[PDB]
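Here we start with a single chain on its own, the form deposited in one PDB entry, put down as structure tokens.
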């Protein structure tokens, strides 16, 4: 089973990953890890990657596709793999197909921007420990306070409604054509594409995936 899991930054698609790994006996792959690991164990590619990163340059799609084709080449990817958030663009998806890397399913985990904004802006944290609290969800037992230390909660620069709304627009303008690319690949019959309403309770999303994947 080779699956591509797409979802907005903050949509919560990872919630369903452990489930997918445990059902199919496949590992989860992200290009970020993949890069950190290849540099570590100096291989040709990882040496090429390490150089670019050290020079403050962006890694070429050319390197990334080679590292993926290299990774999925292992024993652990015998049963398949769960590629988390890659590809990010059509040339990357195309480059994957040309190198013969095919996937059975492309799952788009869908949560509305308003709901993602909500899940994020209403988030408090105990600065000194990074302990998270969420005003509507998991509030601190003691309002505005760290149940443990007692010390008052702060908000992360990153969870600002403005910053959050910018990430989303960017994400959407980047991902829209890729989604269209996949839906047609599916119409073509080269893969299966599925949207997953991630607003549902986790147990229902899980049931939805079992129905979608077999």
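We call the rigid core whatever largest set of C-alpha positions still superposes within 1.5 Å between the two forms. Residue numbers count along the first chain shown, from 1.
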*asked:* Mean CA temperature factor from the deposited coordinates, higher in 23-31 or in 47-55?
replied: 47-55
*Quick one: say whether 118-126 or 85-93 has the higher mean Cα B-factor in the deposited entry.*
118-126
*Which one of 112, 80, 100, 144 shows the biggest C-alpha B-factor in the PDB entry?*
144
*asked:* Given 41, 175, 183, 60, identify the residue with the highest C-alpha B factor in the PDB entry.
replied: 41
*Using the B-factor values recorded in the entry, state whether the Cα atom of residue 107 falls in the lowest, middle or highest third among the modelled residues of its chain.*
lowest
*What third of the chain, by the recorded C-alpha B-factor, contains residue 148?*
highest
*residue 37 by Cα B-factor - lowest, middle or highest third of the modelled chain*: highest
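The form deposited in another entry is left out here; the points below concern that form.
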*asked:* Using the rigid core as the reference frame, would you say residue 99 shifts its C-alpha by 2 Å or more between this form and the one not shown?
replied: no
*State yes or no: after fitting on the rigid core, is the Cα displacement of residue 127 between this form and the one not shown at least 2 Å?*
yes
